[PDB]
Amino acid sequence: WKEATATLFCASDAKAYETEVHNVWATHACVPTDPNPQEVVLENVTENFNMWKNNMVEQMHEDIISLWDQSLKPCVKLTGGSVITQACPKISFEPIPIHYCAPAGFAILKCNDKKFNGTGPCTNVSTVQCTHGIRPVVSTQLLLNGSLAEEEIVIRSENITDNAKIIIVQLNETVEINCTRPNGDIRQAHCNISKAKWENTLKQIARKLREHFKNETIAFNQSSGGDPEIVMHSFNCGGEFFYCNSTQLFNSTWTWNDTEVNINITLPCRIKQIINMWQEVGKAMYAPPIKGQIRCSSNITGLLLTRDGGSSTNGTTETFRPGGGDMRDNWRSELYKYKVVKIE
């Protein structure tokens, strides 16, 4: 099982007739899905995975960049000295699952350890031809519509004590997020999240974070700065770019005694037309929103966090703020289990 890089191909259940923009890309860039795929459980097998150096991530990144670049039509695009003006009609936008598959002569190894921390050896290993269907949801702060951990919440980081490195939280229970632009200001919207469900989730996340900072008070705090796409929970719903003030979800402290025990939490949101692109450095202006209700209820299955560094002058308290921005971490949260291996 020697590991090497290999050009992947995709499989999806896209509809050849759909105008939905993910369906159009997959129809001419992927192949049909194997209805009953094979999966061989390897025995007495131990291999080393490294989610932070996975070429599968870089390959999926090039795909979704290519998708978005030939799909979303901004009225004006500003890309380093160049400025483009074109027609900007509204599009049908709803991501579909995309499987990633090894070519002939290669395979994919899937790590089935349910407490796998992202790096190091794995003992319960499978081999598949393709990954599970991954929805390429472009978002920040919150990871939407992903796949859950199978037992407990898991904290993943290339080095957890290195504040320069992002932290990817993977939940084991979904937390709903219902976002509506009600059919005043046509750019005004909001997202409701269950107060009890979210606060109970923060309790369990703090405990998992507490394992790498034993004792220590765990704190969640709002973003420290940056462009609107990362200070606010940013995501795309029906082709429109939502920007939600997430302060209400990162404003709490938890000590080794706070882990010891309806109504919504509704964040104010804006639908922006002037967006800061994530694929390349540049600014794109889109048309004002469509008329009618703009509703999409997604599943929060992960969090992107950045820990504050420096000697805390209080004594001992770790502060975690919502991060994101590099969409490779979004694909990473789904591709951490897999690696490509040449059949040998």
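From 1 onward, residues are counted along the sequence shown.
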{"item": "Size class of the missing deposited segment between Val261 and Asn262", "value": "4 to 9"}
{"item": "Deposited but uncoordinated residues in the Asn183/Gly184 interval", "value": "4 to 9"}
{"item": "Stretch with the greater mean C-alpha B-factor as recorded in the entry, comparing 21-29 against 5-13", "value": "5-13"}
{"item": "Mean C-alpha temperature factor, higher of 199-207 and 224-232", "value": "199-207"}
{"item": "Identity of residue with top Cα B-factor, from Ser66, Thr317, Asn54, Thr306", "value": "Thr317"}
{"item": "Which of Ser92, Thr131, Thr253, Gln170 ranks first by CA B-factor in the deposited coordinates", "value": "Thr253"}
{"item": "Ranked C-alpha temperature factor of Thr46 among modelled chain residues, by third", "value": "highest"}
{"item": "Lowest, middle or highest third - CA B-factor, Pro37", "value": "highest"}
{"item": "Chain thirds of CA B-factor: placement of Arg270", "value": "middle"}
{"item": "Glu158 - which third its CA temperature factor falls in, relative to the rest of the chain", "value": "lowest"}
{"item": "Within-chain third of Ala284 by Cα B-factor, per the entry", "value": "lowest"}
